[PDB]
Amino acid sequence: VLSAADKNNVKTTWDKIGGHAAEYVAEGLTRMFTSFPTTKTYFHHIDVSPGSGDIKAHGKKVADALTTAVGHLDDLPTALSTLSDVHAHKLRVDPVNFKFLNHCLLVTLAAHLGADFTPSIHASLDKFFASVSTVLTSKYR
């Protein structure tokens, strides 16, 4: 459960990241594939070399979905319903993979934001990514 302060931390930080979101998410995916190579199994269909066009394109998709979530913090299940179908029903992704991605996203933000990635902002973002994962791994509609 996110507090209103968590929601404000998420909105403000996401807004500051702004148009860098796609680039940062691509880096997060590359960090995930590198640190947790078992995640590559889900992406056998694309070029997962560091810096690949396929990872850039997928990073844009994931960033845009995270933008949808940031705009619907009071009701993530409704906003992410179609994506839950993809990740829970169709692809059957083990939830550990979300733990791997979320950590790699936080590492990416720590690297780029430095001191602006405060312990309080880090805590709110960890809760936000976890909430998104819970939804994407649920079967509810």
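Residue numbers here begin at 1 and follow the sequence given.
Out of 37-45 and 96-104, which one has CA B-factors that are higher on average in the deposited record?
-> The stretch with the larger mean CA B-factor is 37-45.
Mean Cα B-factor comparison, 58-66 or 78-86, giving the higher one as deposited = Comparing averages over the C-alpha atoms only gives 78-86.
Comparing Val132 with the other modelled residues of its chain, is its CA B-factor in the lowest, middle or highest third?
-> Its C-alpha B-factor, which the entry lists for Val132, ranks in the middle third among residues of this chain.
Ordered by C-alpha B-factor within the chain, which third holds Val10? Give me lowest, middle or highest, please.
-> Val10: CA B-factor falls in the lowest third of its chain.
Ranked by Cα temperature factor within the chain, is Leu29 in the lowest third, the middle third or the highest third?
-> Lowest third.
CA B-factor placement of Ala110, once the chain's modelled residues are sorted into thirds | CA B-factor rank for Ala110: lowest third.
Please rank the C-alpha B-factors of the chain's modelled residues and tell me whether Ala123 sits in the lowest, middle or highest third.
-> Lowest third - that is where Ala123 ends up once the chain's C-alpha B-factors are sorted.
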